[PDB]
């Protein structure tokens, strides 16, 4: 297997200046003609000319219009086209080819493929070489002139990058369109779409230059009524880049296109952003609430790439986080401003500290800029994206908004139209840091370790107060555990946003303060601190670290009730839960190991329960935040704290803690469930797709969270409420009614009812499948077999496969059945999927990422299945490389 090393970067011996493509789509094949106007670079040393080209059928190849002959002048091995250097010109030349490719049977959804009746491309990272020969790397920038031809009845809409400059008829019921895109771009940003697409459109006028931009959003005809919210989101995105960053769109048109079959969420091809339909299409009748934030996030994300990724692009793939971490950070600033709810930032943190912290303590751990890769398709990770976003966000924390904006504009102005590296961004931030510090000797050299060092730092505290001196100190330590990437870890530049709360009145005792920890440890002292404070640490989750606050539960309760920062309140709650979970987990574990006939469990802190009640009953308090405090931390967060985790014992532990709290609070829960109904389910704007109320959706999240708690608890006559909830027009409610009915004999009645409501909308049916998959059912394996036989069948649609299986893998008690039957089932699905879509097969490996954190019997069971998958003779490169890394082989 070929390993690419970051330190080996070298510019090409060649230049491609112009690409002229003709893509002729036929019933049984697509013919691609390409002329590359090329040159010899200053780095050339007389080497063979080697093109990437994967799976291409050669009809002919030529140099300067002279046909080349196989064997004597070139070799092709289905991966690389090698033209021997004696036949390579020494000055500007034309290379041309004609190849045949087959989108109809391209089920891996990379290169050119057919999704239902739409022909569509996906070229990031190295998929352009599946369409035609190229030197397929992002530093090979070129001009593109693209003609697409197709049957006019099947494919009346033709799109590619740039301006449409010709449209023409062709004999035999065909037509063509020509698109000329003169600005340089890397080939991963090429796209083409052909199909019977329907659209909504609008005109946007830019803020400063007053340019008219045409906005088009496209889907298949059946779903064209689900396009409105995306178009609104795109308008909002454009305005936010204008307003926060002073950046306008530069092109006359931007197209968004939904397709049914997509490996990920969406892709930022220049002027032609292509989406998984689940991340573009919604309507209030046919979508759950989460779709609205998802579409806002993903439309924004792709729009913000037009600067961070498209106008400023990557020198090489090791710089991926430079465009992805920075664009996720832009999208989170945008979504925080649009939603105006504290749960937006909390949801990001909740995902990071579960999914990304698990990755970073697994055998897969990597820094946000890895040193090597084998599969690019395996490189697009939550580390690169979400820890990258937190690294890009720490610059804003460190600089403050004014100097952050100054530094960001330096980045953009200096690198616009060019490739760039992570150092170029750090350089820009450093210029702003010198300005903020009024010190031309200040530097951010240490900050570069965030790009190279893997692992999650642990930050811990000790406190001291001298009442006579009115002097308070915070002593802080950082540690990252050694791992396979660095034997010796270095201290990082860690910004610690802090407040000091006066415990008598809840007020702030100091102004906004960001401690800059740059050493393994430091002591920060504060004078004129009139009373011993409770420290409010890492406000807004100011660094991506494990926080050990060394506070008592009394102190954490005070912060939970009275602190100003949503994250520290949420975290203090989290930390109270964790202390309880670890304690009860140990008590259950000992009882199990020692085969005890009786034993004691430590009860939940009663003052903590009283604090939850106080917050729930506060009508001025936020409904989204409330839904977080009545929820235990995610299992994937908890597992980072326990070695040899016995998932049964954790399930018993969570059950005990929820029952303890419900035995005190269920009447409060029920009262709130009923009082929230009027606002939460208000239908005033149900037929207005432009009108989206994130607070209202958070009220529904709270009701649905409470209903789940009350259902599990078998609260008296709660089934009455469940049955009424099933009649709500909102899919979030009526799908909730299905999952909470799992505890009642009405489950299959609601299963049928909600299936009939879901089956005629492709995306809604996928949401129904997820609901079934995640249902807390003792018969879940028989249910999954019924989904397979009756609904999923042999679909190759990644959304269908992910919907049926991934939610079930989060079923702690059943997925981890001690027989290993759940591991066996998901391994079978992975191997089956790997035959046609290696990228999605590796996504389906997700539950195995924590294998070496489980109890020794479950470790053995998971390892056995991974070794079985590794022994499949036909295993893909992707899946083999991933499982070899995951199993430390």
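Positions refer to the first chain, counted from 1.
In this crystal structure, the stretch out of 793-801 and 118-126 whose C-alpha atoms carry the higher mean B factor is 793-801. Stretch comparison (222-230 versus 576-584) by mean CA B-factor in the PDB entry places 222-230 on top. The residue among 433, 290, 694, 188 whose C-alpha carries the highest B-factor in the deposited model is 433. If you compare the C-alpha temperature factors of 459, 638, 442, 277 in the entry, 442 comes out highest. The entry lists a Cα temperature factor for residue 828 that places it in the middle third of the chain's modelled residues.
When all modelled residues of the chain are sorted by CA temperature factor, residue 643 is found within the highest third.
Remark: residue 821 belongs to the highest third of its chain, ranked by C-alpha B-factor as recorded. For residue 807, the recorded CA B-factor ranks within the lowest third of the chain. Only modelled residues enter the ranking.
In this PDB entry, the Cα temperature factor of residue 298 sits in the bottom third of its chain's modelled residues, the lowest group.
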